[PDB]
Every structure is written in C-alpha cells, then in structure tokens.
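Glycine gets a Cβ as well: all are built from the backbone with ideal geometry, and neighbour counts include every protein chain shown. No lab work stands behind these numbers, since they all come straight from the coordinates.
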RNA sequence: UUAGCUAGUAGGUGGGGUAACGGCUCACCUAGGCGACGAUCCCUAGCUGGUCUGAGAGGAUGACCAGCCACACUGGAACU
RNA sequence: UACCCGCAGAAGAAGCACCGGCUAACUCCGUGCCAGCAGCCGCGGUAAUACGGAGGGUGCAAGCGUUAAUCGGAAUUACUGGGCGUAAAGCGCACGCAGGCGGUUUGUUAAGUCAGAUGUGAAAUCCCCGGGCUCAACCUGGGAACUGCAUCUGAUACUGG
Ligand SMILES: [Mg+2]
C-alpha cells in the first residue's frame, strides 16, 4: 500500500518540484526536468480541463504519498467541516504525523520520515506512535526516542532542514531532537502551487 | 490582465456548386477577474485565425457586473433561446459549481464560490448568452436602496 | 371538553342506528391542495328521532354493534 | 370569469410597468388597500388614491427610477386554486431578502421580515421584487 | 418482569455495558424498559466508569424492581465510594 | 398539469424493463450448450461471429456470444454467461 | 380490458356466550349494509424504526439491529 | 492474550485494468471487412494510436476488473420543476350533474390557518459537541433532531361557516 517506483519519474510527469529527494545533488542533474518519461514525453499536448484537475490532485497526493481512498476520506472530513474546505483539507494534510517530521526535518524526505514512524523510533507526548497517518493535535511534542537518536540519517536531515525554509507553526528544538506543534498553519503558510478551487471541484462533479 | 478562455472549436460548412467550403468557428470569452466580462464568437478559414477575431470581438463590447466579495449576491436564472440556466451564490471555499461554458465564463468573471445549473439546451453559444443575461440584471443592494429610495439598513 | 365530532346525517332507516358522514379537510402530502375527505360512521341514535339530512354531534362510545361504536349527543338544525 | 381581484391587481401593476404608465387604476377592495398601503411604505409605488363612493376605485402611482421601472418582479404565491400557508420559520427571502414577500397573518398585512420580528406566520400572498 | 441487568454493547474482546431497566423475559438486543446508566469494566483513569441515576432506580425498587448481582454490587460500591 | 388533474391522477413514472431477462436478476447463470455455430453480422461489419445456442438453468433457450479468438466448445457443455448485448 | 357487492348480511329486541364489550352466538323483527373518496375481484407482499441514492424534493428499499406480526411435515381440533 | 525486549537480513512480501473520441494517458510490429474489437459513436476491405503482440505511459491497489442490482445525472411524468399553431399532444362542437372554483361590504363564527403550552413521537441509527481504544474503522458521553399526532390556551388578516 505504498508507492515504490521512481520518484523523479513522478516529478517529470507533474513537471514541478516535489522535493522527493534530499536536494544535495541538483535535481536537473538527475533527470530531464521538462520531459515527461518515456517515448512521447517531449511533445506537450493541448492538455484538457479534466487532465489539469487530475494532475493537480495527483500532485498533492504524490506530494504526501497518499493513496486515493484514504485521500478521499480527508475530502469527506474536510467537506464535513466548516469554512473553506481546501484550507480544512490542507490542515488535515498538515495534521499528518509523517508530514510534521519532515516539516521538522527529522527525516530528509517524507518517506525517510515515514520509515522512522514505521520503525517506531518516535515518541509523541512521550508515547510511541507507529501510525504514520496519525492526526497531530495542537500543543503536542514529537520526540525522537533514545534508541534511534544515534542514526546518522537523523542529524544529516537536520542540516537539510537548515537548507529549507523554517516553518512558522512549529516550535522545533535541536539539542533534544524534539518539536512542538504551535498551531495549525494557513494556506498562506504553505506553497501557492496548490489551488483550493480545483481539488474541491474535482471531487464535486 | 484580462484573462482569456476559448470555449468552442468547431467546423461548419457552406455548400457551393463546387462542393463544401469548410469554415472553422470559435467561441471565446474574456474577463478581468473583476465584474467585467465579454464573450466573442469568431469565424474564419483557420483555427488559430478565427480565435483572434473571437478575442477581438470580446475585447470590445464588455459588460459591467455587480459582484459580491467572491460570489454572487442573490440566486437568479438565465435564459437565451431555450437555454434556461439557474445560478446561485455559495459559501466561501467551495469553488465554481458549473459545467460546460459556464465554468469558463464565471472564472473570468472573477467569482470564486457559486452554485449553477443549466436546464434545457446545453448549446454552448446560447448557454453562455443565458449566463450573461442573468449576471447582467443582477443588481446591488446599494442600487435597490437607491431604486426604492431607501438605505441598506432600511432593507437589510 | 369531551372529544366530540359533528357530521352529516346520511341514513336513518335502520332502527337505533344512523349513518353520519364527516368531512375531514386535509392537505395533500405532495401536491399541497386541501381536500374535502369524507369519513362515514354508523352512529347509534336512540328513538330513531333524527331527520335525514341533518347535522348531529357525536361521541365515541363503547362498542354498540358489529359495525357501530358511536353515539350522538345532540342535534343542530334538524330541519330541511 | 372573475376568479381573483388580487391577481387582477398585480398583473395590472405588472403590465403598467412595461407600458410605462404613471397611473394604474382599478376598483378597490378592503384587501387591495391593505396591500397597497404596504408597497408605498416599502417603497415600490409612489402614491395610491382610493376614491369612489358607490364603488371604491384604487388609483396607483407607479414608481420609476432612472427612466426604467422599480418593480423588477411581481408574482402570486397563494393562487385561488392553491393556497399557501407558511409558518414563521418558512417565511421566504425574496431575492435573498432584497425583495419582499407580502404575507397576511392574523396581525393584518405586513412584510416577512416584520413577520419574523413579529414571530408569527400565515398566508403568503405574493412576491414583489 | 422488570429487571436491571448488564447489556453487552461494544466490540469483541472489549465489553461495555448499558445497565438499564429492562424486562427479565426480553433480551440484550431487544427490549429494555428505561436507560438508567452504563458501566465500563475497561473504564480507564481520567474518566467515569459508572454514571447512574440513583434516584429513579429508587423509584422502581419502590415499585418492586429486581436488582441483579453486579448491579447490587456496583450501586453499593458507588455509594461506598461517593 | 392542473393540480386537480394531478389530484385525480398521479404522475405515472414509466416502468423500465431489463434487456437481459433470462438471468432473472442474477450475476451469472449456468447453461448447457445446444448448438455451436457462426453467424454473419449486420451490414456495417462482415465476419463470422462464433456463437452458441444455450439451454439455461430455467429452461430458457438463448444465444450467447463466444468472446475471444478460438475456443474448445462442444455441444452438451456446461458454460456460464454474464450478459451484454452484441450490437 | 376488476362495477356492482352483501342474507347473520345490516340494524334491532330477547336469550345464550366470553376475563371483557359486541351476530360473539341464537331466536325473532326490520331491510337494511357497502360501493365511483374504488366496493368487489385479480396480481404481488410480513410491517415500521430504518437503509441506499438524491442539493433538496423525492425515489427505491426492509440482509444484518430493533419494535411488531405470522409460522413450526401438511390439514385439523381442543386440552392443560 | 493486549503490550515489552532480543534476533537477523533488504530481507519473506504487488498486482490488475486502461491509452480512437467520450475520459487521464502512443508508438512500433503482426493482421488485411479475415482474425476480431465494442458502454456509446463506431474501428478491421495491406500503412489500424480502436484488432493481436511489444515498448512506453495512465489509472488504482492487496486488490483490480466484468456482470447483476438501485438511485443520480434524467427537468426524460417536470409538487419543488414540463408541454400541447406546425417537433408526441386541446375531445368535432354544444349542453350539463357530481366536481373544483368564486364579486363587493358589515357583523358573527373560529373551522382552516398562525402562535404558545402540555403529552407522545422507544432505543439504536444520522447530525452536533465530547471521550475512549497508538490512530482510523469501531466503541461511547451529552446535545440537537425525530420534520408528526393528540390536547389546552390564544390570535383574527385571509379562506371557509
Ligand atoms: Mg471549509
């Protein structure tokens, strides 16, 4: 129930950055960033209205690695809630446990953040949480437990967090390798390449 | 800043003694993201050529539409040539809910959160003429305060 | 005070029994039109005293007969 | 023939707007005045002039704005073949409340937004927008 | 006749009981009489485990109700704790 | 469309039937092969469509298209049909 | 393209009967009773909370849980 | 049993469907109205993006497809929310009962109608706010709702009497 294929192949499909590797080696030095994979990947078609709504939703899933049914459950939850549904939807996406570990930069990629939660190396409010898709409540702490603090892939990811923009809604520590979920973020606190007014309409045919 | 969307690519024909003269026709709409929008139906002997005539029609002859913040102000229906089309404001953060040409014409109209439904003919020429007529006579609370000789709070 | 009803005296031929029809005036559950609907009842009169075509006032009572569980209380506008 | 004076009235209002007349007259009724004394108050007509002794005749003054009309819509909700009785919660909002709905309740004739503040429903006559 | 017994309403291996006024000839899915409270044997900490209207219960014992074994135990032990 | 006519007579919503009645609202039904043969189709297409006349469970005698290319079908053989018309 | 239906039927009086009222049963009177707001007859069917869809209106639906009902080889009958 | 530590290695653990348009995703080769394909329009009659194979790609996922079965889309029975000059559709007209419908004005009535209040509308379910299981599914607390019906007290504009 995971994607296991080539990561940058998905980047070549959507054409934009998906942050799927550590960014140490330059991304364009690993793939033609503006050719879709395979034979007929150079020629850009007159892409239709249906496709760009699909490609937008296929972007956001492949941003966070979320399969369709479980992603649809987020849509059902966000539609049940109040206000802007896409802002509610992104909050659910930011509510993911394996997201915040990448947002705290403890794992270099989200998949490198996910394996840690899979291999039980995390403590949330002092409690180990095996589920990567767990929804993070506000004002909680996410601490590396002391079995796998000594992994070299932890502290090298901390430097990659220094390379990235530091998020705002995360009171993150370094010496204890812990953090604190301050508050929920905004639409504005995330990127602008994700349209609110498309992923709603795709699931509202 | 006037964003532009083609609507229809189409191939009609005249018939002469020699045969059939195919001619490509195109429907477009322009709009600024504010309450200014204009459609255009062009026609030529060529697909990338008739669209420019369709745009040039639409760049002229605009219409001024009283929007609300990100939506309509009150639900209303729209008709042109058997193409009865109902539309409706919605809550914030729900997107445009419409199909066909109506998705395009409201997006260049700069609304963001609507409810809409087409009845009868879904012919994209007359279905967008019905959208415009409903958006045209949709009027402000401020105008009907001035029309009725009152204020906003004398209406609420 | 008592749960009483009125209606139209339809039949008075059989002894110690009158047939009374009652208008219930009810909405249609779909179309919303208010319909005159008729509920007839076999009412035990005494004395066979009721004139035919009359407004009576009735009361639910203990079961008088096989088809009759209704007894009048009084009569308004007995004439034709 | 004559199945309603009210539907006669609203259509005579409706056809007078497009005819660009300044004065629409008709025989008057007690219920007709009770409606005509709302739309002046609500600002959809300018004047009504009830006159007539043997038979009262209501004469109206149509309100025109910027050349064109004011009455953008005028309807009938409770028709004589099908009556409408809605409670205080099911009172409508004509043109999202920008227009008005004439309701007759036990407290005479008023508008719906007054009837909501009166907190009591009744018979919805017509829609005026 | 009138009973007050424990009614299994929960998942497998994790029981939860609606201790209600019921009938001693009816069942657990089926007919109770009146819902007078609940009980969790997996009542953890920081949560109540037995919230019963202990006065309408006295109304029905006044009508001659029948009290079960744990129900007689737990109504005592509530009053032996509250 | 007058509501008095609507009172005296309700709107008769039209009742639709199945085009595949022999299954009798089942997903698949067992059948027995009766005759296996070919059939020329109608005008726009020209082929020999392999097809079998089938005795069913409920005694119905129907025809059902053999999909694919090539088969090992005999008469007096137990088969299973899913539906779908051939145009 | 089911229009007439009903003789204990319908009502009364009296007797009997049942825990209970009542053609419940019987006797004797009366001729009533029902139906075009569908009686009658035919076809199909356990019913509801609900379930599924639908923006709603509605539509379909009654496994699982409930509430009721009916049945227990078939047809019968009482017994306790 | 729940849960807790050791152990060992990337180890033992991914597949269906699809690419003519409808609808996201194409080339090559076989094939020649044959073999076939097919929800619809429709493809194959030697150069097939529609057949078959390959490559590549799209969609999903421990499942993926097909069939069955119900609503939606379908306003395609149109209460909400249709039409009848010629696209289906106003009886050949007239009469008229039941039927439905009703000018104006005053009282009366309060039936309808509206308002209020009691009773009931079981639980479950759904909704809302919570809680609990590492989360989720699930369980569960409280609430709202159960659109009704009955009764009582009004109300009097309209519709009735
Ligand atoms: Mg929202």
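Explain nothing, just the number: relative contact order of chain D, from Cα pairs under 8 Å at least 6 residues apart, as a whole percent.
On the way: 215 pairs, mean separation 29.8, N = 129.
So the answer I get is 23 percent.
Hey, rough spin-label estimate for residue A:26 and residue B:8, points 7 angstrom out along Cα→Cβ, what's it come to in nanometres?
The answer from the label model is 5.0 nm.
Given springs between every Cα pair under 10 Å in a Gaussian network model of chain F, which of F:23, F:56, F:48 has the largest fluctuation?
F:48
Would you mind giving the mean number of other chain beta-carbons within 10 Å of the Cβ of each residue in D:93-100, as a whole number? Write down the numbers at each step before the final one.
Details: counts 1, 1, 8, 8, 4, 12, 4, 2.
Per-residue shielding by partner chains comes out at 5.
Out of all DSSP beta bridges with both ends in region B:54-117, state the antiparallel percent to the nearest 5.
That works out to approximately 80 percent antiparallel.
Order of D:105-111, A:91-97 by packing, highest average Cβ count within 10 Å first?
On the way: D:105-111: 15.7, A:91-97: 20.4.
Order by mean packing, descending: A:91-97, D:105-111.
Please list, by residue number, everything in region A:101-130 whose backbone N is under 20 Å from a paramagnetic label point 7 Å out along Cα→Cβ of residue A:163.
Only A:101-116 pass the distance filter.
In chain C, what % of DSSP beta bridges are antiparallel (nearest 5)?
Rounded to the nearest five, the antiparallel share is 95 percent.
Per DSSP H run of n ≥ 4, the term is -39500 (n - 2.57); total these for chain B, divide by its residue number, and report the mean residue ellipticity at 222 nm rounded to 500 deg cm²/dmol.
On the way: 4 runs with 40 residues, N = 156.
Rounded to the nearest 500, the figure is -7500 deg cm²/dmol.
Round to the nearest 0.05 the FRET efficiency obtained for residue B:91 and residue A:150 when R0 = 51 Å and r is the Cβ-Cβ distance. List each step's numbers first, then the result.
Numbers: r = 51 Å, r/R0 = 1.00.
The computed FRET efficiency comes out at 0.50.
What distance in nm lies between label points placed 7 Å from Cα along the C-beta direction at residue A:189 and residue C:79?
Result: 8.9 nm between the two label points.
The protein assembly as shown: percent of C-alpha pairs farther apart than 38 Å?
Above the 38 Å cut-off, the protein assembly as shown has 70 percent of its Cα pairs.
For A:131, D:124, B:63, F:81, which order do you get if you count the other beta carbons within 10 Å of each Cβ and list the fewest first? Don't skip to the answer; put the middle values down first.
Working: A:131 12, D:124 23, B:63 15, F:81 19.
Placing the least packed residue first, the sequence is A:131, B:63, F:81, D:124.
Can you tell me the order of C:6-18, C:23-35 when each peptide is scored by its average per-residue count of other Cβ atoms within 10 angstrom, highest first? Don't skip to the answer; put the middle values down first.
Numbers: C:6-18: 16.4, C:23-35: 11.2.
The peptides rank, most packed first, as C:6-18, C:23-35.
Quote the convex hull volume per residue of region D:1-71, based on C-alpha atoms, as a whole number of Å³. Write down the numbers at each step before the final one.
Numbers: hull volume 6.0 nm³, N = 71.
Spelled out: Cα convex hull of region D:1-71, divided by residues, is 85 Å³.
With a 10 Å cut-off between alpha carbons and a GNM built on chain D, which of D:19, D:101, D:118 moves the most?
It is D:19.
Taking 0.36 nm per intervening residue step and subtracting the Cα-Cα distance, what contour gain separates residue A:17 from residue A:2 on full extension?
3.4 nm
If Rh is defined by the Kirkwood formula over all Cα pairs and Rg also comes from Cα, what ratio Rg/Rh do you get for chain C?
Using only Cα positions, Rg/Rh for chain C is 1.03.
Less than 11 Å from a label point 7 Å out along the Cα-to-Cβ axis of residue F:20: which backbone N atoms in region F:26-62 qualify, by residue?
In region F:26-62, the label zone of residue F:20 (backbone N under 11 Å from the point 7 Å along Cα→Cβ) covers F:26-29.
Highest mean first, how do F:67-78, C:66-77 rank when packing is the count of other Cβ atoms within 10 Å averaged over residues?
On the way: F:67-78: 8.9, C:66-77: 13.8.
Packing order, densest peptide first, comes out as C:66-77, F:67-78.
For residue C:26 paired with residue E:66, estimate the spin-label separation in nm (one decimal), with each label point 7 Å from Cα along the Cα-to-Cβ line.
Using points 7 Å along Cα→Cβ, the separation is 4.3 nm.
Sort E:55, E:23, A:98 so the one with the fewest other Cβ atoms within 10 Å of its own Cβ comes first. Walk me through the numbers before you get to the answer.
Values: E:55 8, E:23 14, A:98 25.
Ranking E:55, E:23, A:98 by Cβ neighbours within 10 Å, fewest first, gives E:55, E:23, A:98.
How far is helix A:152-163 tilted off the main Cα axis of chain A, in degrees rounded to 10, range 0 to 90?
That helix lies at roughly 60 degrees to the long axis.
Rg and Dmax of chain A, using alpha carbons, in Å: what are they?
17.6, 54
Using a 10 Å cut-off on Cβ to Cβ distances, tally the other chain neighbours for every residue of B:70-82 and report the average as a whole number.
Details: counts 1, 0, 1, 3, 8, 2, 2, 0, 0, 0, 0, 0, 0.
Per residue, the number of nearby Cβ atoms from other chains is 1 on average.
Ignore the peptide's own chain and count Cβ atoms of other chains within 10 Å of each Cβ in A:81-88; give me the average, rounded. Kindly include the intermediate steps, with their values, before the conclusion.
Working: counts 0, 2, 4, 6, 5, 3, 2, 1.
Partner Cβ neighbours, averaged per residue: 3.
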